[PDB]
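What follows is a pair of forms of the same protein chain, given separately as structure tokens and numbered structure 1 and structure 2.
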Structure 1
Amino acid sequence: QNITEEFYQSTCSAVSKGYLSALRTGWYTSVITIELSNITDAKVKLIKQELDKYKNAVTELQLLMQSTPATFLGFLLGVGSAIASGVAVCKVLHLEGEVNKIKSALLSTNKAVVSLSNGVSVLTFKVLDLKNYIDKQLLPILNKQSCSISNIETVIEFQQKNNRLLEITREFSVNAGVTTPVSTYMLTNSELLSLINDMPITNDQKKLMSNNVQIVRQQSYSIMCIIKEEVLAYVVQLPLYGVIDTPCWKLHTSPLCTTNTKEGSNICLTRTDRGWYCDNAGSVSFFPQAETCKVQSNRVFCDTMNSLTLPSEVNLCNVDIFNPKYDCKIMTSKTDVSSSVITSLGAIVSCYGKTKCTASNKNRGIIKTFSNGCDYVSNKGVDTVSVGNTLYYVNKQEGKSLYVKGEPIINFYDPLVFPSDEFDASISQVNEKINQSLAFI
């Protein structure tokens, strides 16, 4: 879609809009199972060697489940427990008879829904029947001939089928029974798509999930659960996207300082509310660590667990940081160091002191030299930006940028009553302290 950007010279910040939301709001828990089997010449020795790998993988996973499974403004977030729902389901599976309900449900099929004893309705999947393979092809060789008649084409095939159990067990072993993202050994591409289609969700969610399998995997958990009655079962916890196609925008901020000659006499100010914003249910979901969100074209995948829910008036800070309805968050300092923030469609440059700051093009080199202050350049005709010894490549996606001129608000502050070293502050709090200092003077 249309991605557009606006740079606010007055506050050294830029907003990228045109994105659409896909917010993980909930969890779907599915129970994936693998049916187990309970149990010389060159080719048989390889079968016994592979069968040993199988026996020890089972013993390994049994040992691993002795315990129940577990695992600027970011400091404002709450603290969730990401696998609480999957662990709850996995707890129900240890209740007696519960494992047998699943074993029975998938006797004649590989996909089935099971209502568990506490009422939970979960999709169930038998992805590998080692029970049947071992019990139909390897058992005859090991007992009827007394380890005599065998062919190497079954050795090859057994290694293939056993490999996935060996890899699932490897992942759980280096991860204490909880893995994320969910690999293709836990759930192949075909199985996951099939799982998504049989999921009880909207057609929009199914299309969205199927066209972004790779993101679904990164937002999912595999929780190793139980081995009981020749059934190996792990819970796969999949994201529920309850907010889809609402507007999102990305706020980029950079330090705004005065540019006086005498070093140390300068005051700085930085908008601290940078991160991803998405309209959500009459409020705005604010993600202060924009690295928690994944962007695919103009779709942005975030997790509400790493969000604050803010009044929509928080948007007014971009056009009017002095607006009377939301108290815009800033931090203050006297550290006027140079840096750049690469935005979606351009680059913000905070250039101070003796720093060389330029913007270049691929074939012609330097096309703009920044003066001291906070400035911006759009990615049209620019390929790189240089601040000091640091070269930044700019994003080269299509979209129009608008440069909104305005006097930098740092000019409105008297440096001799300016409160420096304020981090979790706001426009009004800074004024509150300035008036108190001006009172005592």
Structure 2
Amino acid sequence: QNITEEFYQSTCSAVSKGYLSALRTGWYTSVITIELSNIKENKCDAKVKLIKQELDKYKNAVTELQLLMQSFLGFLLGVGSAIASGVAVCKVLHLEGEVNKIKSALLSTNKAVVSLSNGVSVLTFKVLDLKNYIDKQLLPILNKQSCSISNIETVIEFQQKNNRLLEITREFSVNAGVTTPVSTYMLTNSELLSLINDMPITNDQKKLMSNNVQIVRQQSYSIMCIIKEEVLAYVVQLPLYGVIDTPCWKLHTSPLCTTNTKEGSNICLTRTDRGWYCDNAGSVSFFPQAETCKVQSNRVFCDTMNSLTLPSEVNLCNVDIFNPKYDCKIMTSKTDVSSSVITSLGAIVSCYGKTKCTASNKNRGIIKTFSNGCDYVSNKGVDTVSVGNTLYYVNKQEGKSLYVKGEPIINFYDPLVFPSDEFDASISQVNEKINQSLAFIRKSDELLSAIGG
């Protein structure tokens, strides 16, 4: 609805605002079941041969599931165990009587909340029943007609009912029993919508999940669990969006280098704090790898596992990078290569050396030839940006962008004492190394004065 962008010429960075949060903060685990016929040996025509081949497909899938059952700042992030919750629920299902308990609860209803032996109550869902189809609809037909089908529709009906089980088996077979995104075979759209509708979450959360079922699938896992007592069970671990509708901003950064003609005489700094930022419980959830988040219109879906919890003062780096409340993260170097960062509403261009950097229009061609340094163009009137031999299309989302003029902060650094190979550096750390270099010169020149006598 209302996306805005600000470019900071002094720090070669841009911020996009107007986004609303949808953050995965927890997990909800449901048990999905399929009823299976316990068939072993058949007592058997072209139509019967097709049924027996379909029965072999069914038997091999059951067998295969049984064997399957037993047998910049991303470096600062912690390490999670993504499916620890669903795997814990699955371990409980192996305990004596747990499967029979679910089989009894789902006897006449397709959905039921079941309390496991550990006190946890889970939503259980039966999505397919091949036990009643094979045992009470297919096998009695083969007996009353003494190995004759007659109706070809019987073959097609079994093929259609069996197909889902074969696809689920195929998926778990190539993914070692763990799949993500959760496919339509694991949970159809109506089953997922039905699951969200019964989840112990708010109406705003149900509305969000129901309107973004495709993002929910991407942020979910399906874990192959157990196959016993005529039951195939798998755990679908669904996201819990505990943080919704809080403001988010995306910070885009690009190298800021001096533009002196003398080769090997330039210095660079880059803001390393690029990423997604969302307000959350009085702090800011920072997602360094913005590519991990997913954007649907003005909504940003991020996962807290890919976040750092920072004080809201981190935003002051977008107001004044030399502020005293928060030590802004930067990296230093002497690598003045040319590149561009395509933002939400425009393009940051870092043009150095002899590189040809331009911004173009589909009707008029080149409309701007960038000069050396870090500049920006909005997507209004611009369709593409070219930096050397690389052409970038800009995003065409409607918004308002503001160019905040200012002298490149790299100009206020003495190149003689610049710490030019810092990566996990900050404004204060760079200043502390500069102070050490200046103090070592101060003490040397103090001795050269004292030695003059």
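In this text, the rigid core denotes the largest set of C-alpha atoms whose superposition between the two forms falls within 1.5 Å. Residues that one form lacks are left out of the comparison. Numbers given to residues start at 1 and step along the sequence of structure 1.
- Among the candidates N143, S115, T109, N132, displacement between structure 1 and structure 2 reaches 2 angstroms at the C-alpha for one position only, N143 (superposition on the rigid core).
- If you overlay the core, the Cα of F7 moves by 0.2 Å between structure 1 and structure 2.
- Comparing between structure 1 and structure 2 on a rigid core frame, one finds that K228 has its C-alpha moved by 1.1 Å.
- Segments of 3 or more consecutive residues in which every C-alpha moves by 2 Å or more between structure 1 and structure 2, counting only residues present in both forms and fitting on the core, are 141-146, 148-150.
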